[PDB]
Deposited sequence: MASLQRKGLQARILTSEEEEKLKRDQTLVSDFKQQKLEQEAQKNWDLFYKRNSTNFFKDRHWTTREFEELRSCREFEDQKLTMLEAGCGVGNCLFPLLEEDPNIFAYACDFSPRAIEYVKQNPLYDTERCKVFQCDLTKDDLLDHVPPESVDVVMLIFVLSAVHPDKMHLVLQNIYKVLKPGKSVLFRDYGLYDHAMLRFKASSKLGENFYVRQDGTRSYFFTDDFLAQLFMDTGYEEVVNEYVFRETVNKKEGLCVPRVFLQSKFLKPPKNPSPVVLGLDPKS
């Protein structure tokens, strides 16, 4: 049935290694820059807005919004050293606007690099699906302490019944809505209820949490397919 229970333990203990070898084999050429960020969230629109990018990758999510709006300071978090080195070697990088640092969002703590209750917006774009479902609230609590008590957290990631979930063969299933790719990285497909009751258990307040529907079409192969991402915004209670 599911993947061997021994193998799932090897996947959990080698999560950082699997992401590091991904950046080794694929360099910065796999993912593409996300220019839809500023438009999608009512924040990030056009003073000194300090931001934390949890799971920054090689950029692709902060460099666009950072060359767009020129009064944003950014913290960058990633547990893979290769991704950090790629972010630093980017020609668009300057220390006066970015502060990149490695931090395993489940084991390490964010206060060792960012000041408490300082960040006004933190982004979770396709980062939480790579974390084991039983260590996600760890990440939510780790980022709960650096958020300004009126600030918020922005989240887009895979949702239930997306096509990518359906392409996976049965030999790639770790559990309910929990799969693994050929390269070792994993994918959890969230539901609105699961994410809601995962954010509520760590002290957040739901604002918007609803699915976003798209489609993928390759004209040459004439392939058009449905896609289901879950977008949301949670807010830290004022008082």
May I ask you to mark the stretches of the deposited sequence that the structure leaves without C-alpha coordinates? 1-26, 73-78, 272-284
